[PDB]
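Okay, here's what each chain looks like letter by letter:
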Number of protein chains: 2
Amino acid sequence: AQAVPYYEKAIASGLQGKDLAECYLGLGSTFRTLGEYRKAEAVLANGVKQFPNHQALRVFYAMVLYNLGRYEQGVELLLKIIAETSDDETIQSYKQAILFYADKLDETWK
Amino acid sequence: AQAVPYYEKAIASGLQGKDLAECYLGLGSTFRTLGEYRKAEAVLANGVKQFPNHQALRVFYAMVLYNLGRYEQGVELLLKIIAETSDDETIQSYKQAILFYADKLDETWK
């Protein structure tokens, strides 16, 4: 994508709720798919910071975290997203378990 | 958990839909939390094989995949679960993107 300038300019301009959120996500993804994982991380962190309730941005941040090799943090985040937003009866039955294990994946009982 | 025998015996006995699914998940988690990731993987693979529509089991398989260091496969699976089951408007707007990037996370454009 030659889309970085598009999204840059778009952001460098009055922009709000959906509108701006989507340009951060857009830019982030473009950077990530360009292989510019650090640049992607900066942009997407900024989006999550500004639109903490925008789940798609968290999903994309997770994808970056993967590419950067921050596996634990990425899996944590995807599990938290699943727990907080899943339709599925079975997942909601285990919601508390999922949320609990999410920041403790490396832990084990004796 | 001293729960392995509980779940073993339970499974080694007539058992169906919810009933059995939950014992596989149960056993798997117990094994995983015990640090017996290979044992956890076997059990949970079996559950996903038998109850392919049971999303919780896929989440737990993902957690194991993480512990085994099969990060790509685990993140793929969590992204597929999010894409297939999320309430959130924003995530459903990007559903196709998420599903697309899920088995291609290491790829980049030139």
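Throughout, a per-chain count from 1 in the order the sequence is written supplies the residue numbers; the entry may number residues differently, and those without coordinates are omitted. Chains and ligands are labelled sequentially in the order written, the chains with letters from A and the ligands with numbers from 1. Think of the side-chain values as coming from all heavy atoms in the structure, minus any hydrogens and water. Residues with missing side-chain atoms are left out of burial classes, side-chain pairs and their counts.

By the method listed in its record, X-ray crystallography, this PDB entry was determined to a resolution of 2.710 Å.

Draft legend 1. Broad picture of the packing of aromatic side chains. When two rings of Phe, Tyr or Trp (its six-membered ring) have centres within 6.5 Å they constitute a pair, described as stacked for plane angles under 30 degrees, edge-to-face for angles over 60, and tilted for the intermediate range. Within the structure shown, the criterion is met by 13 aromatic pairs over all chains. Judged by centre distance (6.3 Å) and plane angle (80°), the ring pair of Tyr-101 of chain A and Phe-60 of chain B falls under edge-to-face. In this pair, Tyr-101 of chain A is assigned in helix α7 (residues 95–101) and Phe-60 of chain B in helix α4 (residues 55–68), connecting two distinct chains. Throughout this description, buried means an accessible area under 20% of the type-specific maximum (1.4 Å probe, protein chains only), exposed means over 50%, and partly exposed covers the range between. According to the relative accessible area criterion, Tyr-101 of chain A is buried, its value standing at 10%. Members of the aromatic cluster, connected to one another through ring pairs, are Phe-60 of chain A together with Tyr-94, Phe-100, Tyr-101 and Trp-109 of chain B. The rule for a charge over a ring is simple: NZ of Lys or CZ of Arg within 6 Å of the ring centre, and within 35 degrees of the ring normal. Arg-32 of chain A extends its terminal NZ or CZ atom over the ring of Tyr-101 of chain B, reaching a point 4.8 Å from the ring centre. Under the DSSP-based scheme used, a helix requires at least four consecutive residues in state H or I and a strand at least two consecutive residues in state E, with every element numbered from the N terminus.

Draft legend 2. The arrangement of the environment of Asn-46 of chain B in detail. Residues and elements named next belong to chain B. Position of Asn-46 relative to the elements: it lies in helix α3 (residues 37–50). A residue is classified by how much of its surface remains accessible, and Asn-46, at 31% relative accessible area, is partly exposed. When the C-alpha atoms of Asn-46 and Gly-17 are compared, they prove to be 14 Å apart, with 29 residues separating the residues in sequence.

Draft legend 3. Region of the structure containing the UniProt feature "repeat: TPR" (unreviewed entry) in chain A. In this structure's numbering, the residues bearing the UniProt feature "repeat: TPR" (unreviewed entry) are residues 21–54 of chain A. Span residues 21–54 of chain A is 79% helix and 0% strand, its end C-alpha atoms 8 Å apart. UniProt positions are given in the numbering used here, feature names are shortened, and annotations may be inferred rather than shown by experiment.

Draft legend 4. Quick look at the interface of chain A and chain B. Here a residue-residue contact requires only that any non-hydrogen atoms of the pair lie within 4.5 Å. Residue-level contacts link 43 residues of chain A with 43 residues of chain B. Elements with a contribution of two residues or more to the side of chain A that touches chain B: α2 (17–33), α4 (55–68), α5 (71–85), α6 (89–93) and α7 of chain A.

Draft legend 5. Expanded view of the nonpolar core. For the purposes of this section, nonpolar cores are sets of buried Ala, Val, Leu, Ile, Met, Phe, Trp, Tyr and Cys residues that join through side-chain atoms within 4.5 Å. With 70 residues, the main nonpolar core has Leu-79 of chain A together with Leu-79 of chain B as its most contacted residues. In this view, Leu-79 of chain A contacts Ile-98, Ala-102 and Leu-105 of chain A together with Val-59, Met-63 and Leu-78 of chain B; residues no more than four positions away in its chain are not counted.

Draft legend 6. A look at the pattern of salt bridges. Residue and element names in this part refer to chain B. One speaks of a salt bridge when a side-chain nitrogen belonging to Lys or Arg is within 4 Å of a carboxyl oxygen belonging to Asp or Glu. If you walk through the whole model with that rule in mind, you get eight salt bridges over all chains. Across the pair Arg-58 and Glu-84 runs a salt bridge whose closest N-O atoms are separated by 3.2 Å. Placement of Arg-58 in helix α4 and of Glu-84 in helix α5 (residues 71–85) is noted, with a sequence separation of 26 residues between them. What makes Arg-58 buried here is its relative accessible area of 12%. The shortest N-O distance in the salt bridge between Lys-104 and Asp-103 comes to 3.3 Å.

Draft legend 7. Local environment of the side chain of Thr-30 of chain A. Mapped onto the elements, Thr-30 of chain A comes out in helix α2. Judged by relative accessible area, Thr-30 of chain A falls into the buried class, the value being 7%. Leave out the neighbours within four places in its chain, and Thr-30 of chain A touches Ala-1, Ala-3, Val-4 and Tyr-7 of chain A together with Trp-109 of chain B.

Draft legend 8. Fine view of the relation of the copies chain A and chain B. We line the copies up by least squares, and the atoms we fit are the C-alpha atoms. Each copy of the sequence occupies a distinct position, and chain A is placed on chain B by a rotation of 180° and an axial shift of 0.0 Å, giving an RMSD of 0.0 Å. In short, the pair behaves as if placed about a two-fold rotation axis. Of the C-alpha atoms belonging to chain A, the one lying closest to the rotation axis is found on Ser-86 of chain A, 2.3 Å away. A shared interface surface links the copies, since 100% of the contact residues of chain A are contact residues in chain B too.

Draft legend 9. Looking closely at the packing of helix α2 (residues 17–33) of chain B against α3 of chain B. All names here are of chain B. Helix axes are fitted only over the stretch in contact, all axes being lines through C-alpha atoms; the angle between N-to-C directions runs from 0 to 180 degrees. Close contact between α2 and α3 brings their axes to 7 Å; oriented N to C, the two are set at 160°. By the criterion of interaxial angle, the relationship of α2 to α3 is roughly antiparallel. The handedness of the crossing between α2 and α3 is left-handed. Residue-level inspection shows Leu-20, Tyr-24, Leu-25, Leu-27, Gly-28, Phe-31 and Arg-32 of α2 in contact with α3, the latter providing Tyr-37, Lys-39, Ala-40, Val-43, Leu-44, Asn-46, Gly-47 and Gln-50. Orientation categories follow fixed angle ranges, with anything under 35 degrees roughly parallel, anything over 145 roughly antiparallel, 65 to 115 roughly perpendicular, and all other angles oblique. Handedness of each helix crossing follows the sense of rotation of the near helix against the far helix: counterclockwise by less than a right angle gives left-handed, clockwise gives right-handed.

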